[PDB]
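Residue-level structural notes
Now for the letters of each chain:
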Amino acid sequence: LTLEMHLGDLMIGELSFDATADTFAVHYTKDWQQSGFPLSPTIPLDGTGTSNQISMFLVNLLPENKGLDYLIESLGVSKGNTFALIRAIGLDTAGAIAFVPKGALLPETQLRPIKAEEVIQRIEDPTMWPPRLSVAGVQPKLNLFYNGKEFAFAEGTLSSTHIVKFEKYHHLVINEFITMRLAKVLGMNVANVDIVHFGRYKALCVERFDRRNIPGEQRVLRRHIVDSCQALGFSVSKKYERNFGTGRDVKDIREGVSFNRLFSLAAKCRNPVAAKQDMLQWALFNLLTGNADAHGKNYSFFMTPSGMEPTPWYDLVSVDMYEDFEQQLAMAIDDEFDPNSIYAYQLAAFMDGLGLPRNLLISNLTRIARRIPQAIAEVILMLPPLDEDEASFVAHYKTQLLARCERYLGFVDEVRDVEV
Amino acid sequence: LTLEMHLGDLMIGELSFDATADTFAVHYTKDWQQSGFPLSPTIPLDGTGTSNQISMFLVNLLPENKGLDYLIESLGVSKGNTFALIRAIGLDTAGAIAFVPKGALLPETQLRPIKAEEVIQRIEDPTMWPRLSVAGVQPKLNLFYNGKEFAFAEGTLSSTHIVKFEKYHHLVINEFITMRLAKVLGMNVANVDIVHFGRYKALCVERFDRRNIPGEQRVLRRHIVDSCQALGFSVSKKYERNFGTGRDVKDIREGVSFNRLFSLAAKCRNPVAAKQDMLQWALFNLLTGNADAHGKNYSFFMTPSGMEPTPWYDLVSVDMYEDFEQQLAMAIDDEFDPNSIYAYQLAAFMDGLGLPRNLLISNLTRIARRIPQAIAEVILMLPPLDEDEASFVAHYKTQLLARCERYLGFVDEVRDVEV
Amino acid sequence: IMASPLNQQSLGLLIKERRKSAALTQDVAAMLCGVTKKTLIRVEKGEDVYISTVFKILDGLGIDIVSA
Amino acid sequence: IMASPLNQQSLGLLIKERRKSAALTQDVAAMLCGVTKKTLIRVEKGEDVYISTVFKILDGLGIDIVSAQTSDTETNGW
DNA sequence: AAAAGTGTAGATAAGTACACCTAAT
DNA sequence: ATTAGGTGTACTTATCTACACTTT
């Protein structure tokens with residue numbers, strides 16, 4: 001009923017779960033309550049975090065995909081028990097906090113190296129070795145330890161320093177690599193990403209910034225992180241601005257994470273101005289790159305005692321490449337969710353909605369769209385050998401990329417003179 | 001060769017004196033270096049206090065009168081040995097620092113009560129119980145005060161009051177009236193009362209560098225420095241003219257001036273609060289006829305956060321005594337004659353301090369107008385008076401009002417005077 | 001008491017407290033800090049003033065501020 | 001990198017450094033704090049500005065300034 | 001070819017001063 | 001009556017929105 005909260009090798013507090021009332025309670029140690037920082041802004045150090053908000057914060061750390069169903073089947077528990085699910089993944093979660101049952105540790109610790117053949121069998125036959133109609137997201141992936149040469153699964157206090165992602169859908173790896181690299185080349189703050197090869201199959205290796213591998217011995221230092229959901233105190237279900245669906249009956253219901261709601265967190269950041277700029281660039285980057293899947297759990301903040309700070313971007317992909325999905329922006333611009341319906345007016349009323357000067361949008365928007373054409377060329381060369389379809393795909397990728405830039409660049413100057 | 005510096009019962013540092021090089025060195029403990037405050041502004045905590053500044057600072061704690069000669073003769077040392085004199089008077093001095101030779105204390109501590117019979121025999125014949133113009137003279141003693149009986153405080157306990165006797169006519173009455181007037185006017189001033197010994201009257205002044213804790217044996221001290229020790233000036237500089245009134249030396253001012261006094265405001269905790277206290281001190285002394293106001297008559301509390309002005313003390317009207325030379329010990333715009341002070345001297349004076357003239361007029365006018373009703377009040381605070389003494393206060397009263405009305409006449413001209 | 005992270009109004013209220021703590025009227029307090037009484041009132045009331053005006057009073061009353 | 005007490009000039013320099021620390025240009029810092037670029041230049045150089053203006057940038061950049069306490073005389077004096 | 005820092009100029013409009021005007025308890 | 005306050009012209013001055021320029 002009580003799980004200890006551990007930061008690294010240190011114990012920072014206690015997570016209590018009362019079975020009868022189906023309730024959560026989080027209280028902190030005295031040294032930490034004074035000197036530390038909470039799990040989330042909505043679970044304060046005095047232990048006054050409401051049970052409901054605590055529950056949602058834990059649920060926000062779990063997988064939304066078949067991995068969830070594989071996990072519950074492995075443990076053989078019900079969907080409705082979170083405590084057991086957390087307790088299973090307790091040692092490794094998003095952030096630096098590991099939830100440990102009292103007086104239980106492996107450690108032991110060591111490692112378990114991997115051969116490429118056992119990965120390929122998990123790529124080639126998802127049915128034997130783990131119909132969607134119309135959706136958006138998500139990809140298959142695994143979390144792994146990366147020393148620079150050979151991959152292994154880290155156990156115990158040792159943890160995965162990278163996220164290796166597999167491609168079921170056409171050219172997803174090439175898509176995200178280009179986009180993640182394009183952002184970095186543009187100077188944006190974004191996680192370091194590399195491509196890795198398994199047999200004939202390619203994968204995207206993403207570096208975790210909430211984890212740092214110390215070379216020379218066995219340890220991993222973690223830095224705590226929270227999603228925008230966990231920060232806004234929103235349910236995992238609210239990750240999209242429309243928290244139910246695209247349905248016309250539900251079209252008008254937005255209880256979820258919006259841009260205005262996202263920007264409201266800047267005050268909580270260490271540097272509100274620095275934060276608001278990273279956010280607006282994130283929006284503007286996702287518009288120009290054609291990323292409509294950017295949502296609440298794709299934007300995170302580091303947790304520190306002085307305040308929150310925006311993390312480097314991650315999971316940047318252009319979904320406009322894929323028309324087999326219906327694409328609406330997960331965060332609206334002036335109550336307009338359609339990427340193709342965005343014009344000078346939408347942007348103007350958007351910045352006005354954020355209570356921010358319009359001249360600030362045009363500066364970032366104009367600068368990025370012009371620097372992209374020269375920037376795309378650079379990223380393309382960082383790729384390994386490509387087959388014919390992939391070069392044609394990237395050729396298609398490039399062309400419409402410039403088309404979005406050139407498209408936006410047309411009406412942007414009019415944004416100043418539009419009267420809302 | 002090494003004397004330890006004690007704050008109260010606690011040791012805050014060490015005063016070293018090298019006999020051979022005739023030099024002083026003051027170095028402090030480390031806990032005090034971060035959290036504490038130096039002896040004076042001129043004797044810093046890192047131990048960079050120059051030997052000369054240390055020497056002058058120590059000398060500034062000694063008496064300038066026959067008591068000096070009584071001390072050196074009692075110990076039988078030379079005038080030129082300060083070290084022996086400090087270690088002797090070390091336990092009780094001005095301020096909270098007691099200078100203790102290593103590992104020597106009585107204490108024990110206790111007390112020595114006093115009878116009225118021994119003071120009266122000590123009043124009447126100054127020879128038995130050890131001429132042009134004026135400084136002092138005056139008799140005085142430092143004593144322990146419980147509210148009833150006076151005693152000599154021994155060891156860690158020290159005198160909480162200074163009892164002052166009048167050899168010269170109505171000196172007690174003069175200072176009591178003037179000191180009381182300041183308090184009545186709302187000024188910040190040490191508490192003074194009159195006490196009677198036989199037929200003779202004495203002035204009992206409460207020490208603000210000492211606070212008696214009731215209920216047991218201790219006396220708590222609060223450190224203070226005069227304006228000399230603060231400015232890093234020799235005892236000789238107490239007067240603005242550090243030599244004399246001589247016509248050849250008239251033009252030499254190396255001593256403490258008003259501009260030098262006000263300059264200390266920056267080092268104070270509240271520069272604005274001081275500068276008004278500074279000017280009120282000037283203006284009060286002008287209205288009351290105190291020409292003897294000098295460097296050792298204005299002091300500051302010493303704290304880690306900065307200096308703070310002490311309540312005023314030793315306020316006396318010397319205009320009462322015409323057998324003495326009266327010139328302002330601190331000039332007003334290079335004019336030392338109290339009777340030659342007019343709108344111009346005041347105007348150029350404030351201008352010299354870089355302060356608005358409207359401020360002098362405000363403070364001067366407010367105080368001078370409230371005096372007439374305030375002087376009457378002080379007269380009632382007096383004890384039984386004889387006929388001759390009543391005549392003294394009458395003269396006192398009359399010329400007091402004369403200074404007020406004189407200044408109050410031309411004060412309106414200060415604003416429009418073009419220097 | 002009440003401490004503070006500092007804003008425009010509390011700063012004005014801080015000045016009033018240091019001024020009152022020193023037993024100073026606004027007219028004399030204004031003159032030593034090199035400002036008019038009305039301006040000093042504006043500062044204490046937190047009404048908008050030139051940063052230089054505030055610094056005159058800050059330096060004057062011996063009150064120091066630091067970045068946390 | 002070192003200012004013990006803050007004055008008009010160091011304050012301006014303090015703002016400029018944190019702005020640079022966030023790798024933020026003068027144009028964006030001015031707009032986000034709701035002021036002109038010219039004014040932020042004036043602020044950084046310590047030239048006299050409205051106290052409200054200093055506060056706009058202050059709250060905006062998340063920099064807090066406080067007095068010094070004590071309890072003056074450190075709850076002491078005898 | 002920028003790209004950040006730094007200018008200028010006219011309409012706005014705000015705080016400061018000043019001798020002294022004056023209510024507020 | 002002395003304090004906190006409010007004036008009111010008149011002096012000096014900043015913030016605003018651009019365009020222009022001195023520096024990588």
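Residues numbered from 1 in each chain as written, not as in the entry; some residues may be left out. Chains lettered and ligands numbered in written order. Heavy atoms only, no water.

In its metadata, the entry names X-ray crystallography as the structure determination method and reports 3.786 Å as the resolution.

The condition is simple: UniProt positions are given in the numbering used here, feature names are shortened, and annotations may be inferred rather than shown by experiment.
The PDB entry lists chain D under the name Toxin-antitoxin system antidote transcriptional repressor Xre family, with Shewanella oneidensis given as the organism. Under Sequence similarities, UniProt gives the following word-for-word description of chain D: "Belongs to the HipB antitoxin family."

Per the PDB entry, chain C goes by Toxin-antitoxin system antidote transcriptional repressor Xre family and derives from Shewanella oneidensis. The Function comment attached to chain C in UniProt states, word for word, "Antitoxin component of a type II toxin-antitoxin (TA) system. Neutralizes the toxic effect of cognate toxin HipA; overexpression in wild-type or a hipAB deletion temporarily inhibits cell growth. Binds operator DNA; in the ternary phosphoserine-HipA-HipB-DNA complex the DNA is bent about 125 degrees."

1. Topic: the protein's contact with DNA strand E
Applicable threshold: Distances are taken per atom, and a residue is near a molecule or strand as soon as one of its heavy atoms is within 4 Å of it. Polar contact is the term for a pair of N or O atoms within 3.5 Å; when the atoms are in protein, one must be able to donate a hydrogen and the other to accept it, and sequence-neighboring residues count only if both atoms are side-chain atoms.
Around DNA strand E sit 21 residues, and of these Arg-370 of chain A, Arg-415 of chain B, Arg-42 and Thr-53 of chain C together with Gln-26 of chain D come closest. By atom count, sugar and phosphate contribute 89% of the portion of DNA strand E lying within 4 Å of the protein. Measuring from a phosphate oxygen of DNA strand E, one finds a backbone N or O atom of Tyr-50 of chain C at 3.2 Å. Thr-53 of chain C places a side-chain nitrogen or oxygen 2.6 Å from a phosphate oxygen of DNA strand E.

2. Notes on the interface of chain C and chain D
Many analyses report the size of an interface as the accessible area lost when the parts associate. Keep this limit in mind: In this description, contact between two residues means that some pair of their heavy atoms is separated by no more than 4.5 Å. When two parts are put together, the accessible area they lose, computed with a 1.4 Å probe and summed over both, is reported as buried area. Salt-bridge detection follows one rule: a side-chain nitrogen of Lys or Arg within 4 Å of a carboxyl oxygen of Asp or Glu. All residues other than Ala, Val, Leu, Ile, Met, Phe, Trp, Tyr, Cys, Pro, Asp, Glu, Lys and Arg, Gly among them, are scored as polar; the first ten of these are nonpolar and the last four charged.
With 20 residues of chain C at the contact, the number on the chain D side is 20 residues. Note on chain C versus chain D: buried area summed over both sides is about 1,900 Å², and carbon and sulfur give 63% of it. At the boundary of chain C and chain D, one finds 1 salt bridge. With a closest N to O distance of 2.7 Å, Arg-18 of chain C and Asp-72 of chain D form a salt bridge. Joining chain C to chain D, the criterion identifies 9 residue pairs in polar contact. Residue composition of the side of chain C that touches chain D, by class: 12 nonpolar, 5 polar and 3 charged.

3. Re the pairing of strand β4 (residues 97–101) of chain A
All names here are of chain A. Note the cut-off: Relative accessible area decides the class of each residue, using a 1.4 Å probe on protein chains only: under 20% of the type maximum gives buried, over 50% gives exposed, and in between gives partly exposed. By definition, any uninterrupted DSSP run of H or I lasting at least four residues is a helix, any uninterrupted run of E lasting at least two residues is a strand, and each is numbered from the N terminus. Strands were regarded as paired on the criterion that DSSP finds at least two bridges between them.
The buried fraction of β4 is high, at 4 of 5 residues. Across 5 bridges, strand β1 (residues 2–7) lies against β4 in antiparallel orientation. Residue pairing across strands places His-6 opposite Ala-98, the latter belonging to β4.

4. Notes on the UniProt feature "DNA-binding region" in chain D
Taking the UniProt record as the reference, the feature "DNA-binding region" is found at residues 26–45 of chain D. Within residues 26–45 of chain D, the helical portion is 75% and the strand portion 0%, while the C-alpha atoms at the span's ends are 13 Å from each other.

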